[PDB]
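>>> the sequence isn't on hand, but the structure is:
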Ligand code: NA
Ligand SMILES: [Zn+2]
Ligand SMILES: [Zn+2]
């Protein structure tokens, strides 16, 4: 209200960004105007181009300008591995590990209390992806939450007896810690999930 | 990332406090869940970058030739509050202040070539000439450079029959002396006032 309408609007529109509260949006708006008008315009152009041009890959459903994303388009990748994740940011997180297989991107996880079931998250499309490929292993890389685990289990039962190996990413202690500093539940899980050798 | 995603990420890093990691997450979240919000932001950015100028009186950022504060006639025309930027106008407005403002472009910094003309001193002098102020409140930030700017303005305005005041600063309110940094405490002690 102390700001003129166009400044007020820029502030409110900046709050649309993830992790940007009101105070931070105020500072961003005013900094753009004070010192980087051309940078503001470049961001506007980049936003318009991406919001209009970026769709979804027809295979894995990740974000892509092309009909096949960079990962599905690349022939160097390992066609025997499919990694199932809950969203495009998870595709990016797994990519940073050096994984070179294929992906399928669910829309989040099963959540009965939000009315989000198999159809809503993309299970039928996952089934089609598997039918249309030649995978030997499907890696369940849903988030390690109650809901993420329930989604993994639903997919594992759905796909049983089709000659695929189904795996789940390891749960346990993160690297670098001391046991005394790890979250108790994580430690209990790492113990209960201990493996021989 | 595809070229369009890469461009969006690089352009988002232009924002204050947004590193590469944070820009990556912003880009992808915006695309996954709020494409139309991204377009609205683009439109708001373009409109503001092209349409926002300066208030002709206080020199704050405004698309209107008089900003909300200068455009209200019901304010106190005897008080002028001098600040370093538009966010400081906003901060002082929240206190219920009802006078007028002048907005400098930052503070003096001669080694960056920001002297009196660059920060708006001539425009401050014109504001004073064109008004009928009885008090000028120096509300630059209590930083080394903000204080130097306040002092420059105080010497400029001396002997004009104006009351020249400075916002209180030193130990912060709510502070315990045991927790304040020593430099602040030494300053507050040396700058102690009557009670
Ligand atoms: Na486990
Ligand atoms: Zn793909
Ligand atoms: Zn104004």
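Noted; the coordinates are in hand. Numbers count the residues shown, from 1 in each chain, chains lettered A, B, ... in the order given. Ligands and ions are numbered 1, 2, ... in the order given.
>>> interface residues of chain A facing ligand 1?
Applying C-beta under 5 Å from the ion, we find that chain A lies next to ligand 1 at A:171, A:193. Every residue, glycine included, has its C-beta placed from N, CA and C.
>>> could you point out the longest helix in chain A?
Across chain A, the longest stretch assigned as helix under DSSP state H is helix A:37-53.
>>> buried ones in that helix?
Buried residues in helix A:37-53, counted by 16 or more other C-beta atoms under 10 Å in any protein chain shown: A:39-51.
>>> contacts for it, please.
A:32-33, A:65, B:4-5, B:7-8, B:10-12, B:14-15, B:27, B:30-31, B:35-36, B:38-39, B:41-43, B:45-46, B:48-50 (C-beta atoms under 8 Å, 6 or more residues apart in numbering or on different chains).
>>> where's residue A:97, which helix or strand?
Counting by DSSP states H and E, there is no helix or strand that carries residue A:97.
>>> turn the buried residues of helix A:37-53 into JSON lines, including distance to ligand 2.
Shown next, in JSON lines, are these (distance: C-beta to the ion, whole Å):
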{"residue": "A:39", "distance to ligand 2": "32"}
{"residue": "A:40", "distance to ligand 2": "33"}
{"residue": "A:41", "distance to ligand 2": "32"}
{"residue": "A:42", "distance to ligand 2": "28"}
{"residue": "A:43", "distance to ligand 2": "27"}
{"residue": "A:44", "distance to ligand 2": "28"}
{"residue": "A:45", "distance to ligand 2": "26"}
{"residue": "A:46", "distance to ligand 2": "22"}
{"residue": "A:47", "distance to ligand 2": "23"}
{"residue": "A:48", "distance to ligand 2": "24"}
{"residue": "A:49", "distance to ligand 2": "20"}
{"residue": "A:50", "distance to ligand 2": "17"}
{"residue": "A:51", "distance to ligand 2": "20"}
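>>> Provide a list of residues in contact with the closest residue to ligand 3 within chain A.
Closest residue of chain A to ligand 3, C-beta to the ion: residue A:4 (9.2 Å). Contacts for residue A:4 (C-beta under 8 Å, 6+ apart) come out as B:52, B:61, B:62, B:63, B:64, B:67, B:68.
>>> nearest residue to residue A:6 in space, ignoring adjacent ones along the chain?
Take residue A:6 and drop its neighbours on the chain: the residue closest to it by C-beta to C-beta, 6 or more residues apart in numbering or on different chains is residue B:63, 4.6 Å away.
>>> phi, psi for the one you found please.
Main-chain torsions, residue B:63, degrees, to the nearest 10: phi -80, psi -30.
>>> what is the burial count for the residue in chain A that ligand 1 sits nearest to?
Residue nearest to ligand 1 within chain A (C-beta to the ion): residue A:171, separated by 3.7 Å. Residue A:171: 12 surrounding residues under other C-beta atoms under 10 Å in any protein chain shown.
>>> can you pull the contacts of it?
A:144, A:186, A:189, A:190, A:193.
>>> now those as a markdown table including neighbour count?
Shown next, in a markdown table, are those (neighbours: other C-beta atoms under 10 Å in any protein chain shown):
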| residue | neighbour count |
| --- | --- |
| A:144 | 15 |
| A:186 | 15 |
| A:189 | 16 |
| A:190 | 16 |
| A:193 | 10 |
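>>> closest to chain B among these?
Nearest to chain B among the contacts of residue A:171, counting by C-beta to the nearest C-beta, is residue A:144 at 19.1 Å.
>>> can you give me the end-to-end span of stretch A:68-80?
Stretch A:68-80 has an end-to-end distance of 18 Å (C-alpha to C-alpha, to the nearest Å).
>>> can you give me the buried ones in it?
Using 16+ other C-beta under 10 Å as the burial criterion, the residues of stretch A:68-80 that qualify are A:69, A:70, A:71, A:72, A:77.
>>> hang on, the last one packs against residue A:101?
Put plainly, it is residue A:77. Yes - contact criterion C-beta atoms under 8 Å: residue A:77 and residue A:101 qualify, at 6.4 Å.
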